[PDB]
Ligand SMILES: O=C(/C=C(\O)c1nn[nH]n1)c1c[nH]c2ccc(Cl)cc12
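Only one chain is given next, in structure tokens, and it is the form deposited without the ligand.
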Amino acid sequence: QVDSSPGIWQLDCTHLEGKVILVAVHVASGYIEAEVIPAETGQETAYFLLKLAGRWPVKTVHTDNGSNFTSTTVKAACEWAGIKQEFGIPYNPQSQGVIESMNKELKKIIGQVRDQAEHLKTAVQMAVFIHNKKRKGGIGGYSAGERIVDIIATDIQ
């Protein structure tokens, strides 16, 4: 029911200190990318999608019906880059549940490191690093950053 194909991503906006955090999760691996955007608008979300599309083979982006995600400028970026958009209810279990859990875990890590940085965006990037490098499943287990690169490499191969 939850699409874990190598090209599937879940995106959503979370909030802290009156600021907007655009977060993306590569569903199958748990790898995340986050950015603090000045406004919760299509222009900022489309620029974020353009950057994400340049690194990974993004085939599908699952979002809620938020005005920034359903905007013309996001549709133009997804269409230009060759990405499919799927809209669902905010926090729905099939297409928004993986990003819901990642946002909750991301906020927990930001709260731990917040003291270490002056700006929120810095603490957000420190928390993204900590999340993507954390090792899951036993001592010799792999991290999200290692899982994404392996999932995509074995998908190509």
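Residue numbers here begin at 1 and follow the sequence given.
Just so you know, the form solved in complex with the ligand exists too; it's not on screen, but the next bit is about it.
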Quiz item: Site status for the ligand after superposition of its pose in the bound PDB entry: open, or blocked by 3 or more ligand atoms within 2.4 Å of backbone or C-beta atoms?
Solution: blocked
Quiz prompt | Non-hydrogen atom contact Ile99 with the ligand in the bound PDB entry at 4.5 angstroms | solution = yes
Exercise. Heavy atoms within 4.5 Å of the ligand in the bound PDB entry is the criterion; list the residues of 99 to 127 that meet it.
Key: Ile99, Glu100, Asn103, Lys104, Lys107
